[PDB]
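As provided, data-v9.cif (mmCIF, C-alpha atoms (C1' of nucleotides); chains and numbers go by the auth columns) reads as follows.
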```
data_upload
#
loop_
_atom_site.group_PDB
_atom_site.id
_atom_site.type_symbol
_atom_site.label_atom_id
_atom_site.label_comp_id
_atom_site.label_asym_id
_atom_site.label_seq_id
_atom_site.Cartn_x
_atom_site.Cartn_y
_atom_site.Cartn_z
_atom_site.B_iso_or_equiv
_atom_site.auth_seq_id
_atom_site.auth_asym_id
ATOM 1 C CA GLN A 1 -54.649 13.348 8.843 0.00 2 A
ATOM 2 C CA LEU A 2 -54.033 9.731 9.844 0.00 3 A
ATOM 3 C CA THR A 3 -55.256 9.279 13.433 0.00 4 A
ATOM 4 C CA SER A 4 -58.769 10.243 12.359 0.00 5 A
ATOM 5 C CA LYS A 5 -58.926 7.509 9.736 0.00 6 A
ATOM 6 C CA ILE A 6 -57.873 4.784 12.170 0.00 7 A
ATOM 7 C CA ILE A 7 -60.287 6.029 14.830 0.00 8 A
ATOM 8 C CA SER A 8 -63.186 6.174 12.358 0.00 9 A
ATOM 9 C CA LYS A 9 -62.514 2.773 10.780 0.00 10 A
ATOM 10 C CA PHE A 10 -62.437 0.902 14.103 0.00 11 A
ATOM 11 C CA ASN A 11 -65.077 3.161 15.764 0.00 12 A
ATOM 12 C CA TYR A 12 -62.888 3.855 18.789 0.00 13 A
ATOM 13 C CA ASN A 13 -63.806 6.473 21.368 0.00 14 A
ATOM 14 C CA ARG A 14 -61.307 9.039 22.713 0.00 15 A
ATOM 15 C CA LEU A 15 -60.577 7.350 26.102 0.00 16 A
ATOM 16 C CA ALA A 16 -60.203 3.811 24.636 0.00 17 A
ATOM 17 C CA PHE A 17 -57.761 4.877 21.917 0.00 18 A
ATOM 18 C CA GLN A 18 -55.646 6.804 24.410 0.00 19 A
ATOM 19 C CA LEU A 19 -55.587 3.816 26.753 0.00 20 A
ATOM 20 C CA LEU A 20 -54.386 1.529 23.963 0.00 21 A
ATOM 21 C CA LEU A 21 -51.788 4.048 22.774 0.00 22 A
ATOM 22 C CA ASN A 22 -49.605 3.973 25.889 0.00 23 A
ATOM 23 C CA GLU A 23 -49.929 0.212 26.491 0.00 24 A
ATOM 24 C CA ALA A 24 -49.461 -0.992 22.876 0.00 25 A
ATOM 25 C CA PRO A 25 -45.608 -1.722 23.076 0.00 26 A
ATOM 26 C CA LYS A 26 -45.981 -4.425 25.792 0.00 27 A
ATOM 27 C CA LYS A 27 -48.691 -6.585 24.117 0.00 28 A
ATOM 28 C CA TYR A 28 -46.180 -9.137 22.860 0.00 29 A
ATOM 29 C CA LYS A 29 -45.607 -12.815 23.627 0.00 30 A
ATOM 30 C CA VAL A 30 -42.092 -14.296 23.649 0.00 31 A
ATOM 31 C CA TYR A 31 -41.596 -17.973 22.838 0.00 32 A
ATOM 32 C CA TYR A 32 -39.007 -20.451 21.582 0.00 33 A
ATOM 33 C CA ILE A 33 -39.046 -22.528 18.410 0.00 34 A
ATOM 34 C CA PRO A 34 -36.986 -25.652 17.627 0.00 35 A
ATOM 35 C CA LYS A 35 -34.005 -25.461 15.299 0.00 36 A
ATOM 36 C CA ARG A 36 -33.167 -27.758 12.391 0.00 37 A
ATOM 37 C CA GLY A 37 -30.344 -29.567 14.154 0.00 38 A
ATOM 38 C CA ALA A 38 -29.667 -28.543 17.751 0.00 39 A
ATOM 39 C CA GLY A 39 -30.653 -25.331 19.514 0.00 40 A
ATOM 40 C CA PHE A 40 -33.601 -22.964 19.676 0.00 41 A
ATOM 41 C CA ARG A 41 -34.760 -19.615 18.323 0.00 42 A
ATOM 42 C CA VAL A 42 -36.476 -16.608 19.909 0.00 43 A
ATOM 43 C CA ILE A 43 -39.724 -15.180 18.522 0.00 44 A
ATOM 44 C CA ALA A 44 -42.039 -12.427 19.764 0.00 45 A
ATOM 45 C CA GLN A 45 -45.527 -12.007 18.326 0.00 46 A
ATOM 46 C CA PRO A 46 -48.283 -9.484 19.161 0.00 47 A
ATOM 47 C CA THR A 47 -51.905 -10.135 20.105 0.00 48 A
ATOM 48 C CA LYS A 48 -54.909 -10.469 17.804 0.00 49 A
ATOM 49 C CA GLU A 49 -56.200 -6.950 18.516 0.00 50 A
ATOM 50 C CA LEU A 50 -52.927 -5.252 17.541 0.00 51 A
ATOM 51 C CA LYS A 51 -52.310 -7.379 14.444 0.00 52 A
ATOM 52 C CA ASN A 52 -55.411 -6.452 12.484 0.00 53 A
ATOM 53 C CA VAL A 53 -54.768 -2.749 13.049 0.00 54 A
ATOM 54 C CA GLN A 54 -51.108 -3.092 12.039 0.00 55 A
ATOM 55 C CA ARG A 55 -52.250 -4.676 8.782 0.00 56 A
ATOM 56 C CA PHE A 56 -54.669 -1.799 8.235 0.00 57 A
ATOM 57 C CA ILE A 57 -51.880 0.709 8.838 0.00 58 A
ATOM 58 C CA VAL A 58 -49.558 -0.827 6.256 0.00 59 A
ATOM 59 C CA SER A 59 -52.302 -0.499 3.616 0.00 60 A
ATOM 60 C CA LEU A 60 -52.218 3.295 3.853 0.00 61 A
ATOM 61 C CA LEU A 61 -48.439 3.576 3.527 0.00 62 A
ATOM 62 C CA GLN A 62 -48.040 0.979 0.762 0.00 63 A
ATOM 63 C CA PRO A 63 -48.739 3.378 -2.176 0.00 64 A
ATOM 64 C CA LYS A 64 -46.666 6.228 -0.679 0.00 65 A
ATOM 65 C CA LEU A 65 -43.233 4.736 0.129 0.00 66 A
ATOM 66 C CA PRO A 66 -40.961 3.858 -2.820 0.00 67 A
ATOM 67 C CA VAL A 67 -39.133 0.522 -2.777 0.00 68 A
ATOM 68 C CA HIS A 68 -36.206 -0.340 -5.038 0.00 69 A
ATOM 69 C CA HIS A 69 -36.704 -3.048 -7.653 0.00 70 A
ATOM 70 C CA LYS A 70 -33.612 -5.039 -6.617 0.00 71 A
ATOM 71 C CA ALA A 71 -35.286 -6.218 -3.390 0.00 72 A
ATOM 72 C CA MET A 72 -37.023 -9.565 -3.917 0.00 73 A
ATOM 73 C CA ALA A 73 -38.521 -10.164 -0.458 0.00 74 A
ATOM 74 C CA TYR A 74 -42.075 -9.550 0.782 0.00 75 A
ATOM 75 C CA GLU A 75 -43.038 -8.167 -2.635 0.00 76 A
ATOM 76 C CA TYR A 76 -46.090 -8.913 -4.754 0.00 77 A
ATOM 77 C CA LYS A 77 -45.532 -11.353 -7.635 0.00 78 A
ATOM 78 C CA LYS A 78 -41.916 -11.956 -6.597 0.00 79 A
ATOM 79 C CA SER A 79 -40.317 -15.096 -5.206 0.00 80 A
ATOM 80 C CA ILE A 80 -37.113 -17.128 -5.026 0.00 81 A
ATOM 81 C CA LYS A 81 -37.376 -18.252 -8.652 0.00 82 A
ATOM 82 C CA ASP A 82 -37.123 -14.670 -9.896 0.00 83 A
ATOM 83 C CA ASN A 83 -34.198 -14.131 -7.516 0.00 84 A
ATOM 84 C CA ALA A 84 -32.168 -17.026 -8.916 0.00 85 A
ATOM 85 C CA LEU A 85 -32.811 -16.116 -12.566 0.00 86 A
ATOM 86 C CA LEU A 86 -30.385 -13.185 -12.330 0.00 87 A
ATOM 87 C CA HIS A 87 -27.313 -15.282 -11.452 0.00 88 A
ATOM 88 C CA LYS A 88 -28.203 -18.386 -13.474 0.00 89 A
ATOM 89 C CA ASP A 89 -25.669 -17.637 -16.242 0.00 90 A
ATOM 90 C CA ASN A 90 -22.549 -16.397 -14.430 0.00 91 A
ATOM 91 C CA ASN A 91 -19.458 -18.209 -13.204 0.00 92 A
ATOM 92 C CA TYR A 92 -18.182 -16.686 -9.952 0.00 93 A
ATOM 93 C CA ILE A 93 -20.483 -15.917 -7.013 0.00 94 A
ATOM 94 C CA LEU A 94 -19.889 -14.179 -3.680 0.00 95 A
ATOM 95 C CA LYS A 95 -22.336 -14.067 -0.771 0.00 96 A
ATOM 96 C CA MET A 96 -22.467 -11.885 2.354 0.00 97 A
ATOM 97 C CA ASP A 97 -24.731 -11.423 5.377 0.00 98 A
ATOM 98 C CA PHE A 98 -25.544 -8.770 8.004 0.00 99 A
ATOM 99 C CA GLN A 99 -25.512 -9.000 11.825 0.00 100 A
ATOM 100 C CA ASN A 100 -28.770 -8.748 13.816 0.00 101 A
ATOM 101 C CA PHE A 101 -30.496 -6.955 10.968 0.00 102 A
ATOM 102 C CA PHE A 102 -33.976 -6.544 12.431 0.00 103 A
ATOM 103 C CA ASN A 103 -33.091 -4.993 15.811 0.00 104 A
ATOM 104 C CA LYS A 104 -30.935 -2.193 14.362 0.00 105 A
ATOM 105 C CA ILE A 105 -33.952 -0.213 13.087 0.00 106 A
ATOM 106 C CA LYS A 106 -35.161 2.438 15.538 0.00 107 A
ATOM 107 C CA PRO A 107 -37.648 5.331 15.331 0.00 108 A
ATOM 108 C CA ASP A 108 -34.702 7.752 15.250 0.00 109 A
ATOM 109 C CA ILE A 109 -33.636 6.437 11.854 0.00 110 A
ATOM 110 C CA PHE A 110 -37.199 5.709 10.708 0.00 111 A
ATOM 111 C CA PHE A 111 -38.388 9.308 11.012 0.00 112 A
ATOM 112 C CA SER A 112 -35.245 10.674 9.362 0.00 113 A
ATOM 113 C CA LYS A 113 -36.089 8.836 6.154 0.00 114 A
ATOM 114 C CA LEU A 114 -39.686 10.059 6.348 0.00 115 A
ATOM 115 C CA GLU A 115 -38.560 13.678 6.537 0.00 116 A
ATOM 116 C CA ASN A 116 -36.306 13.296 3.480 0.00 117 A
ATOM 117 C CA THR A 117 -39.082 12.007 1.198 0.00 118 A
ATOM 118 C CA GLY A 118 -40.872 15.374 1.347 0.00 119 A
ATOM 119 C CA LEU A 119 -43.969 14.120 3.172 0.00 120 A
ATOM 120 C CA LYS A 120 -44.933 16.378 6.076 0.00 121 A
ATOM 121 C CA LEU A 121 -46.857 14.787 8.942 0.00 122 A
ATOM 122 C CA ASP A 122 -48.395 16.201 12.099 0.00 123 A
ATOM 123 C CA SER A 123 -46.954 15.648 15.562 0.00 124 A
ATOM 124 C CA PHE A 124 -49.956 13.595 16.678 0.00 125 A
ATOM 125 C CA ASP A 125 -49.473 11.176 13.798 0.00 126 A
ATOM 126 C CA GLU A 126 -45.796 10.969 14.751 0.00 127 A
ATOM 127 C CA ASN A 127 -46.782 9.963 18.273 0.00 128 A
ATOM 128 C CA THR A 128 -49.275 7.396 16.993 0.00 129 A
ATOM 129 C CA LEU A 129 -46.729 5.856 14.619 0.00 130 A
ATOM 130 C CA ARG A 130 -43.951 5.717 17.211 0.00 131 A
ATOM 131 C CA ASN A 131 -46.079 3.886 19.804 0.00 132 A
ATOM 132 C CA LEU A 132 -47.721 1.324 17.496 0.00 133 A
ATOM 133 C CA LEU A 133 -45.150 -0.307 15.185 0.00 134 A
ATOM 134 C CA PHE A 134 -42.381 -0.703 17.783 0.00 135 A
ATOM 135 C CA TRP A 135 -41.536 -3.129 20.594 0.00 136 A
ATOM 136 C CA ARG A 136 -40.100 -2.309 24.038 0.00 137 A
ATOM 137 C CA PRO A 137 -38.165 -5.160 25.677 0.00 138 A
ATOM 138 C CA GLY A 138 -36.996 -5.049 29.260 0.00 139 A
ATOM 139 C CA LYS A 139 -38.426 -2.950 32.060 0.00 140 A
ATOM 140 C CA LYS A 140 -40.965 -0.165 31.556 0.00 141 A
ATOM 141 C CA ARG A 141 -38.210 2.465 31.934 0.00 142 A
ATOM 142 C CA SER A 142 -35.945 1.044 29.208 0.00 143 A
ATOM 143 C CA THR A 143 -37.053 3.708 26.684 0.00 144 A
ATOM 144 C CA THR A 144 -35.627 1.591 23.846 0.00 145 A
ATOM 145 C CA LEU A 145 -37.804 0.512 20.892 0.00 146 A
ATOM 146 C CA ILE A 146 -36.807 -2.144 18.265 0.00 147 A
ATOM 147 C CA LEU A 147 -38.720 -3.049 15.041 0.00 148 A
ATOM 148 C CA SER A 148 -38.571 -6.827 15.859 0.00 149 A
ATOM 149 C CA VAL A 149 -39.751 -9.663 13.518 0.00 150 A
ATOM 150 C CA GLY A 150 -43.031 -11.641 13.456 0.00 151 A
ATOM 151 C CA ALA A 151 -45.048 -8.450 13.224 0.00 152 A
ATOM 152 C CA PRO A 152 -47.082 -7.737 10.066 0.00 153 A
ATOM 153 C CA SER A 153 -45.501 -4.295 9.530 0.00 154 A
ATOM 154 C CA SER A 154 -41.758 -4.936 10.025 0.00 155 A
ATOM 155 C CA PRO A 155 -40.922 -6.590 6.652 0.00 156 A
ATOM 156 C "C1'" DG B 1 -32.908 -5.830 23.502 0.00 1 B
ATOM 157 C "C1'" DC B 2 -31.104 -8.145 27.967 0.00 2 B
ATOM 158 C "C1'" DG B 3 -32.631 -11.114 34.043 0.00 3 B
ATOM 159 C "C1'" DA B 4 -29.095 -13.237 37.871 0.00 4 B
ATOM 160 C "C1'" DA B 5 -24.887 -14.922 38.925 0.00 5 B
ATOM 161 C "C1'" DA B 6 -19.442 -15.244 38.272 0.00 6 B
ATOM 162 C "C1'" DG B 7 -14.946 -13.559 35.342 0.00 7 B
ATOM 163 C "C1'" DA B 8 -11.889 -10.437 32.898 0.00 8 B
ATOM 164 C "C1'" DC B 9 -9.349 -5.840 32.784 0.00 9 B
ATOM 165 C "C1'" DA B 10 -6.867 -1.982 34.970 0.00 10 B
ATOM 166 C "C1'" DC B 11 -4.818 0.459 39.042 0.00 11 B
ATOM 167 C "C1'" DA B 12 -3.131 0.650 44.214 0.00 12 B
ATOM 168 C "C1'" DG B 13 -0.507 -0.566 48.259 0.00 13 B
ATOM 169 C "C1'" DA B 14 0.950 -3.551 51.578 0.00 14 B
ATOM 170 C "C1'" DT B 15 4.307 -7.050 53.372 0.00 15 B
ATOM 171 C "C1'" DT B 16 7.641 -10.620 54.228 0.00 16 B
ATOM 172 C "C1'" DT B 17 11.937 -11.969 52.542 0.00 17 B
ATOM 173 C "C1'" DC B 18 16.263 -11.329 50.650 0.00 18 B
ATOM 174 C "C1'" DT B 19 20.382 -8.822 49.739 0.00 19 B
ATOM 175 C "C1'" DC B 20 23.607 -4.861 50.279 0.00 20 B
ATOM 176 C "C1'" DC B 21 26.226 -2.401 53.856 0.00 21 B
ATOM 177 C "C1'" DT B 22 29.017 -0.925 58.446 0.00 22 B
ATOM 178 C "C1'" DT B 23 32.167 -2.341 62.327 0.00 23 B
ATOM 179 C "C1'" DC B 24 35.674 -5.101 64.468 0.00 24 B
ATOM 180 C "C1'" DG B 25 37.685 -9.289 65.420 0.00 25 B
ATOM 181 C "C1'" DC B 26 40.983 -12.942 64.127 0.00 26 B
ATOM 182 C "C1'" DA B 27 45.212 -14.525 61.657 0.00 27 B
ATOM 183 C "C1'" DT B 28 49.119 -15.762 60.064 0.00 28 B
ATOM 184 C "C1'" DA B 29 53.092 -16.152 57.718 0.00 29 B
ATOM 185 C "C1'" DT B 30 56.538 -13.571 58.458 0.00 30 B
ATOM 186 C "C1'" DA B 31 61.720 -13.188 67.338 0.00 31 B
ATOM 187 C "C1'" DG B 32 58.064 -9.646 68.627 0.00 32 B
ATOM 188 C "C1'" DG B 33 55.545 -6.218 65.965 0.00 33 B
ATOM 189 C "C1'" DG B 34 53.079 -4.783 61.994 0.00 34 B
ATOM 190 C "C1'" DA B 35 50.342 -5.581 57.801 0.00 35 B
ATOM 191 C "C1'" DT B 36 46.994 -7.764 54.025 0.00 36 B
ATOM 192 C "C1'" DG B 37 43.195 -10.566 53.829 0.00 37 B
ATOM 193 C "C1'" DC B 38 38.823 -12.654 55.355 0.00 38 B
ATOM 194 C "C1'" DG B 39 35.036 -14.188 58.620 0.00 39 B
ATOM 195 C "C1'" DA B 40 30.632 -12.547 61.933 0.00 40 B
ATOM 196 C "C1'" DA B 41 26.765 -10.380 63.290 0.00 41 B
ATOM 197 C "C1'" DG B 42 23.302 -5.872 63.301 0.00 42 B
ATOM 198 C "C1'" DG B 43 20.852 -2.870 60.289 0.00 43 B
ATOM 199 C "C1'" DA B 44 19.616 -1.324 56.014 0.00 44 B
ATOM 200 C "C1'" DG B 45 16.595 -0.724 52.037 0.00 45 B
ATOM 201 C "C1'" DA B 46 15.166 -3.095 47.865 0.00 46 B
ATOM 202 C "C1'" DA B 47 11.701 -6.414 45.217 0.00 47 B
ATOM 203 C "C1'" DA B 48 8.441 -10.231 44.056 0.00 48 B
ATOM 204 C "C1'" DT B 49 4.044 -11.807 45.474 0.00 49 B
ATOM 205 C "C1'" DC B 50 -0.450 -11.199 47.063 0.00 50 B
ATOM 206 C "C1'" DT B 51 -4.884 -8.830 47.826 0.00 51 B
ATOM 207 C "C1'" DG B 52 -8.120 -5.111 47.479 0.00 52 B
ATOM 208 C "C1'" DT B 53 -11.882 -2.384 44.822 0.00 53 B
ATOM 209 C "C1'" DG B 54 -14.554 -0.620 40.725 0.00 54 B
ATOM 210 C "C1'" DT B 55 -16.123 -0.901 35.611 0.00 55 B
ATOM 211 C "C1'" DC B 56 -18.386 -4.082 31.842 0.00 56 B
ATOM 212 C "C1'" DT B 57 -19.431 -8.834 29.208 0.00 57 B
ATOM 213 C "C1'" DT B 58 -22.571 -12.674 28.414 0.00 58 B
ATOM 214 C "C1'" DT B 59 -27.922 -13.538 27.326 0.00 59 B
ATOM 215 C "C1'" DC B 60 -33.182 -15.756 30.459 0.00 60 B
ATOM 216 C "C1'" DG B 61 -37.974 -20.537 29.567 0.00 61 B
ATOM 217 C "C1'" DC B 62 -39.499 -13.102 29.848 0.00 62 B
ATOM 218 C "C1'" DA B 63 -48.955 -12.076 31.801 0.00 63 B
ATOM 219 C "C1'" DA B 64 -50.380 -11.001 26.635 0.00 64 B
ATOM 220 C "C1'" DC B 65 -49.144 -16.925 20.276 0.00 65 B
ATOM 221 C "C1'" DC B 66 -52.091 -20.774 16.472 0.00 66 B
ATOM 222 C "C1'" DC B 67 -53.790 -25.588 15.556 0.00 67 B
ATOM 223 C "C1'" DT B 68 -53.649 -27.299 6.317 0.00 68 B
ATOM 224 C "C1'" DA B 69 -49.143 -29.008 2.919 0.00 69 B
ATOM 225 C "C1'" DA B 70 -44.006 -27.212 0.782 0.00 70 B
ATOM 226 C "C1'" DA B 71 -39.878 -23.487 0.403 0.00 71 B
ATOM 227 C "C1'" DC B 72 -37.237 -18.489 2.157 0.00 72 B
ATOM 228 C "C1'" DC B 73 -36.250 -14.534 5.847 0.00 73 B
#
```
Structure re-expressed in structure tokens:
Amino acid sequence: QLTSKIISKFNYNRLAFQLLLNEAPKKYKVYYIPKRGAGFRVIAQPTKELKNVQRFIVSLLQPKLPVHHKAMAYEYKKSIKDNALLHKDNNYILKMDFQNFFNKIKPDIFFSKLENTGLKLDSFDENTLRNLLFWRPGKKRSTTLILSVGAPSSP
DNA sequence: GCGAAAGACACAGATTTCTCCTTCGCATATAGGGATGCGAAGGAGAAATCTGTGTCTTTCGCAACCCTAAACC
């Protein structure tokens, strides 16, 4: 059970929680930031009410989802210095990069990994998870959700 | 992931112009008559150019953000 814990912690009633559930994807603000040089960048950040519940959510799933030890980003007691200590004594180096990394994660691929780990979750928790950690750009009938960046749970 | 407003890509078909194709009318170098050769217009039927419509590509200043310093995504 997961929806019960979130309801109890924030002392939400039935009607209020349901109202927030189906309007959560649109509570985002889109803005531009200057670039070092010439140009601009696009950011989208949620409201205060949705942020402090997203942070609470990630606390429950932190001790249940394994993460490989070769990833040195958004990890406790890890930084750039530990990243550069691996290649500090080698001659030839090759570097690569992805393409639009953060908007290629969708609930279709997210739930597939959850099923493979052996954890079984109820359908209500699936609905709660799908409508809370994801963003819906465009019109209300787009029916497309992207993880986005700038949210406390994406990294 | 993608607003509005203009281009690119692929497939038809239409049309004016040019070029190939009869039909006969001179012609002229051999004393009139006959023959080989070429010029003149209608009437085709072919071909380059243009124009039409329908399917996607790019990417916004997009109700709804914080105000302490440095680096990365």
Within 12 Å of residue 47 (chain B) using all atoms listed in the file, minus same-chain residues under 4 positions, as a ChimeraX atom specification: /B:15-19
Expressed in Å to a single decimal, how great is the separation between CA of residue 47 (chain A) and CA of residue 21 (chain A)? 13.5 Å
note - CA of residue 23 (chain A) and CA of residue 131 (chain A) are separated by 10.5 Å
Sort by chain and increasing residue number a table of all residues of chain A within 10 Å of chain B, each with its closest pair of atoms and their distance in Å to one decimal, counting all atoms listed in the file, and write it as a tab-separated table.
```
residue	atom	partner	partner_atom	distance
A:27	CA	B:64	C1'	8.0
A:28	CA	B:64	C1'	5.4
A:29	CA	B:64	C1'	5.9
A:30	CA	B:64	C1'	5.9
A:31	CA	B:62	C1'	6.8
A:32	CA	B:65	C1'	8.0
A:33	CA	B:61	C1'	8.1
A:44	CA	B:65	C1'	9.7
A:45	CA	B:65	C1'	8.4
A:46	CA	B:65	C1'	6.4
A:47	CA	B:65	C1'	7.6
A:48	CA	B:64	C1'	6.8
A:49	CA	B:65	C1'	9.0
A:74	CA	B:73	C1'	8.0
A:75	CA	B:73	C1'	9.2
A:80	CA	B:72	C1'	8.7
A:81	CA	B:72	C1'	7.3
A:104	CA	B:1	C1'	7.7
A:136	CA	B:1	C1'	9.5
A:137	CA	B:1	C1'	8.0
A:138	CA	B:1	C1'	5.7
A:139	CA	B:2	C1'	6.8
A:140	CA	B:2	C1'	9.9
A:143	CA	B:1	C1'	9.4
A:145	CA	B:1	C1'	7.9
A:146	CA	B:1	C1'	8.4
A:147	CA	B:1	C1'	7.5
A:149	CA	B:1	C1'	9.6
A:150	CA	B:73	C1'	9.7
A:156	CA	B:73	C1'	9.3
```
Evaluate the PyMOL selection byres ((chain B and resi 40) around 12) and report residues as a list in words: residues 23, 24, 25, 26, 38, 39, 41 and 42 of chain B
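Here CA of residue 152 (chain A) and CA of residue 134 (chain A) stand 8.4 Å from one another.
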Where atoms are lacking, region 37-60 of chain A completed to N, CA and C atoms, as a PDB file, in the coordinates of the input:
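Result file is out-v2.pdb:
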```pdb
ATOM      1  N   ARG A  37     -33.503 -26.613  13.234  1.00  0.00           N
ATOM      2  CA  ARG A  37     -33.167 -27.758  12.391  1.00  0.00           C
ATOM      3  C   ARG A  37     -31.747 -28.193  12.724  1.00  0.00           C
ATOM      4  N   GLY A  38     -31.627 -29.183  13.605  1.00  0.00           N
ATOM      5  CA  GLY A  38     -30.344 -29.567  14.154  1.00  0.00           C
ATOM      6  C   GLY A  38     -30.382 -29.574  15.668  1.00  0.00           C
ATOM      7  N   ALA A  39     -29.641 -28.670  16.302  1.00  0.00           N
ATOM      8  CA  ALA A  39     -29.667 -28.543  17.751  1.00  0.00           C
ATOM      9  C   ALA A  39     -29.669 -27.069  18.114  1.00  0.00           C
ATOM     10  N   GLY A  40     -30.558 -26.688  19.031  1.00  0.00           N
ATOM     11  CA  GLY A  40     -30.653 -25.331  19.514  1.00  0.00           C
ATOM     12  C   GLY A  40     -32.094 -24.876  19.528  1.00  0.00           C
ATOM     13  N   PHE A  41     -32.277 -23.561  19.623  1.00  0.00           N
ATOM     14  CA  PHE A  41     -33.601 -22.964  19.676  1.00  0.00           C
ATOM     15  C   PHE A  41     -33.520 -21.541  19.147  1.00  0.00           C
ATOM     16  N   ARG A  42     -34.682 -20.972  18.841  1.00  0.00           N
ATOM     17  CA  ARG A  42     -34.760 -19.615  18.323  1.00  0.00           C
ATOM     18  C   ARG A  42     -35.799 -18.841  19.121  1.00  0.00           C
ATOM     19  N   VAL A  43     -35.650 -17.517  19.120  1.00  0.00           N
ATOM     20  CA  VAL A  43     -36.476 -16.608  19.909  1.00  0.00           C
ATOM     21  C   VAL A  43     -37.420 -15.853  18.987  1.00  0.00           C
ATOM     22  N   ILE A  44     -38.719 -15.905  19.285  1.00  0.00           N
ATOM     23  CA  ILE A  44     -39.724 -15.180  18.522  1.00  0.00           C
ATOM     24  C   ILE A  44     -40.576 -14.376  19.491  1.00  0.00           C
ATOM     25  N   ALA A  45     -41.149 -13.284  18.990  1.00  0.00           N
ATOM     26  CA  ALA A  45     -42.039 -12.427  19.764  1.00  0.00           C
ATOM     27  C   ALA A  45     -43.149 -11.944  18.845  1.00  0.00           C
ATOM     28  N   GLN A  46     -44.388 -12.290  19.183  1.00  0.00           N
ATOM     29  CA  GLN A  46     -45.527 -12.007  18.326  1.00  0.00           C
ATOM     30  C   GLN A  46     -46.625 -11.276  19.087  1.00  0.00           C
ATOM     31  N   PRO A  47     -47.251 -10.267  18.467  1.00  0.00           N
ATOM     32  CA  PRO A  47     -48.283  -9.484  19.161  1.00  0.00           C
ATOM     33  C   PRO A  47     -49.590 -10.237  19.341  1.00  0.00           C
ATOM     34  N   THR A  48     -50.592  -9.554  19.883  1.00  0.00           N
ATOM     35  CA  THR A  48     -51.905 -10.135  20.105  1.00  0.00           C
ATOM     36  C   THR A  48     -52.780  -9.959  18.865  1.00  0.00           C
ATOM     37  N   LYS A  49     -53.976 -10.546  18.924  1.00  0.00           N
ATOM     38  CA  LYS A  49     -54.909 -10.469  17.804  1.00  0.00           C
ATOM     39  C   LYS A  49     -55.413  -9.049  17.576  1.00  0.00           C
ATOM     40  N   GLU A  50     -55.668  -8.304  18.652  1.00  0.00           N
ATOM     41  CA  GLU A  50     -56.200  -6.950  18.516  1.00  0.00           C
ATOM     42  C   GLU A  50     -55.205  -6.001  17.854  1.00  0.00           C
ATOM     43  N   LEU A  51     -53.913  -6.142  18.145  1.00  0.00           N
ATOM     44  CA  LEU A  51     -52.927  -5.252  17.541  1.00  0.00           C
ATOM     45  C   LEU A  51     -52.537  -5.663  16.124  1.00  0.00           C
ATOM     46  N   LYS A  52     -52.744  -6.928  15.760  1.00  0.00           N
ATOM     47  CA  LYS A  52     -52.310  -7.379  14.444  1.00  0.00           C
ATOM     48  C   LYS A  52     -53.210  -6.815  13.354  1.00  0.00           C
ATOM     49  N   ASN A  53     -54.525  -6.848  13.565  1.00  0.00           N
ATOM     50  CA  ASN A  53     -55.411  -6.452  12.484  1.00  0.00           C
ATOM     51  C   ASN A  53     -55.438  -4.943  12.301  1.00  0.00           C
ATOM     52  N   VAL A  54     -54.925  -4.179  13.265  1.00  0.00           N
ATOM     53  CA  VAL A  54     -54.768  -2.749  13.049  1.00  0.00           C
ATOM     54  C   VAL A  54     -53.411  -2.468  12.409  1.00  0.00           C
ATOM     55  N   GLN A  55     -52.388  -3.277  12.717  1.00  0.00           N
ATOM     56  CA  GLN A  55     -51.108  -3.092  12.039  1.00  0.00           C
ATOM     57  C   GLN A  55     -51.257  -3.352  10.545  1.00  0.00           C
ATOM     58  N   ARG A  56     -52.026  -4.389  10.194  1.00  0.00           N
ATOM     59  CA  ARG A  56     -52.250  -4.676   8.782  1.00  0.00           C
ATOM     60  C   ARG A  56     -52.993  -3.530   8.114  1.00  0.00           C
ATOM     61  N   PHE A  57     -53.947  -2.919   8.823  1.00  0.00           N
ATOM     62  CA  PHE A  57     -54.669  -1.799   8.235  1.00  0.00           C
ATOM     63  C   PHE A  57     -53.731  -0.625   8.014  1.00  0.00           C
ATOM     64  N   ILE A  58     -52.791  -0.426   8.939  1.00  0.00           N
ATOM     65  CA  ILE A  58     -51.880   0.709   8.838  1.00  0.00           C
ATOM     66  C   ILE A  58     -51.004   0.560   7.607  1.00  0.00           C
ATOM     67  N   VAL A  59     -50.485  -0.650   7.375  1.00  0.00           N
ATOM     68  CA  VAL A  59     -49.558  -0.827   6.256  1.00  0.00           C
ATOM     69  C   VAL A  59     -50.246  -0.631   4.902  1.00  0.00           C
ATOM     70  N   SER A  60     -51.576  -0.735   4.860  1.00  0.00           N
ATOM     71  CA  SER A  60     -52.302  -0.499   3.616  1.00  0.00           C
ATOM     72  C   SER A  60     -52.260   0.966   3.213  1.00  0.00           C
TER      73      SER A  60
END
```
